[PDB]
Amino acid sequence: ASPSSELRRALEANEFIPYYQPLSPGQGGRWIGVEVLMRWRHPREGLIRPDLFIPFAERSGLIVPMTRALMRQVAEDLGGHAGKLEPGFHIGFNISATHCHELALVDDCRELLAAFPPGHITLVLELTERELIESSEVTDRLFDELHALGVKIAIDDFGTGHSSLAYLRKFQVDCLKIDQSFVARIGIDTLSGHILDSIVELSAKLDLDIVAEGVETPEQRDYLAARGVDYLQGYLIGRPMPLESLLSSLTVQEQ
């Protein structure tokens, strides 16, 4: 048995499915976007979450075709339902380091955007700080071309001092993620609060949007809103859901 060939078989069989996790405004109201998460609907094992297979897919060299198929599925799922998405609706993907080392990502982005009316959605790609520090002329050109399409870049796993500020400024990143681990310690740990404030401070300095992850309680939501955090996701807003469930909820909010 070859794990690599099994991943290829699964991709051919359309077993990698988009799940959609809603994003809510910090101050509440109708969803302003979704973050797309790749699940494996395995016929024997059931539904497998991406942390259990994406790292291996990256090692195998298959992550880019998998992400491409995901982006194509999203276009087919949502391109016909623009009337249920308020103009400017965010669609987010986690992009692998290898995908950032190639210019094909620009074509992949252009294609997804063409499935919606012009300007109707905002595509958001989520990267790590490593992709900015370990950058080349290819990176410069990629981000430039993505930005000209109207694509936004969100960064996780970043430092908040002057060193990190230089990278974020050079590449004109658009958003910062607050990791769930910080959100979970709201009201429990003073240091975590100080870290969270440092992230908010860096965002203010560079005029970045902030997305907070793992928002599970009204306390957490209110704490984050008080600091002007733009977007929230987590159990309080909703778990990642299949298309059928997303369309049902969007129909309701369209009210």
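One rule holds for the numbers: they count along the sequence shown, beginning at 1.
Asks: Averaged over C-alpha atoms, is the B-factor higher for 222-230 or for 24-32 in this PDB entry?
Replies: Looking at the recorded C-alpha B-factors, 24-32 comes out higher on average.
Asks: Please compare 83-91 with 151-159 and say which has the higher mean C-alpha temperature factor in the record.
Replies: For C-alpha atoms only, the mean B-factor is higher in 83-91.
Asks: Looking at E134, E145, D174, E126, which has the highest Cα B-factor in the entry?
Replies: Highest C-alpha B-factor among the listed options: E134.
Asks: Divide the modelled residues of the chain into thirds by Cα B-factor and specify which third, lowest, middle or highest, holds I237.
Replies: Its C-alpha B-factor belongs to the lowest third of this chain's values.
Asks: Ordered by C-alpha B-factor within the chain, which third holds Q73? Give me lowest, middle or highest, please.
Replies: Within its chain, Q73 is a lowest-third residue by C-alpha B-factor, going by the deposited values.
Asks: Place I17 in the lowest, middle or highest third of its chain's C-alpha B-factors, as listed in the PDB entry.
Replies: Its C-alpha B-factor belongs to the middle third of this chain's values.
Asks: Check where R59 lands among this chain's C-alpha B-factors and tell me if it's the lowest, middle or highest third.
Replies: It belongs to the middle third of the chain when residues are ordered by C-alpha B-factor.
Asks: Lowest, middle or highest third: where is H42 by C-alpha B factor in its chain?
Replies: Middle third, going by the recorded CA B-factors of the chain.
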